[PDB]
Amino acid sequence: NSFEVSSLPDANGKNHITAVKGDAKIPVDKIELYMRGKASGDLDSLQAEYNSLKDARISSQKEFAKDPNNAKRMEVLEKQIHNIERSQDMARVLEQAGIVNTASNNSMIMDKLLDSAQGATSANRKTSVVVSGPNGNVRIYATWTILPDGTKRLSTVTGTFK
């Protein structure tokens, strides 16, 4: 009972290291992006730009609304911050449980994620697993993309169900 680590190309031809088991796949970078608080972007500067837009909209919403480039930027920034906060929260959750950021723990998490994905159809693209640590257990939640060949690629991991 094992998973394999290989390199698979994305739509632009760029290779990504990927853990594979059965009919499921996890780009290994997902561990940093979603579970260990290293989501993309600089939180402090992102929040500063979002705040100035939010404050412009709060004080003058009609005028803010007139140029959709405002809504576009603000919403894009909001999703980046949202992805960072979910990822830092996940890192906090694993740390609280004593599941430190090591290769073996991250392999453990991925193996269990891959196991939970084996059934997944287009009828249900969401799974969850319990991982174990020195300071207790935690449930984590994954969402999956169903590919044209029916295999699954991990989209997201979060500490809470959505």
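In this text, residue numbers run from 1 along the sequence as written.
Comparing the deposited coordinates for 115-123 and 26-34, the stretch with the larger average C-alpha B-factor is 115-123.
Between 66-74 and 40-48, it is 40-48 that carries the larger average Cα temperature factor according to the deposited entry. Which of 142, 19, 11, 147 has the largest Cα B-factor in the deposited entry comes down to 11. Residue 156: CA B factor in the middle third of modelled residues in this chain (values from the PDB entry). Residue 110 sits in the middle third of its chain by CA B factor, as recorded in the PDB entry. Annotation for residue 56: C-alpha temperature factor in the highest third relative to the rest of the modelled chain, per the entry.
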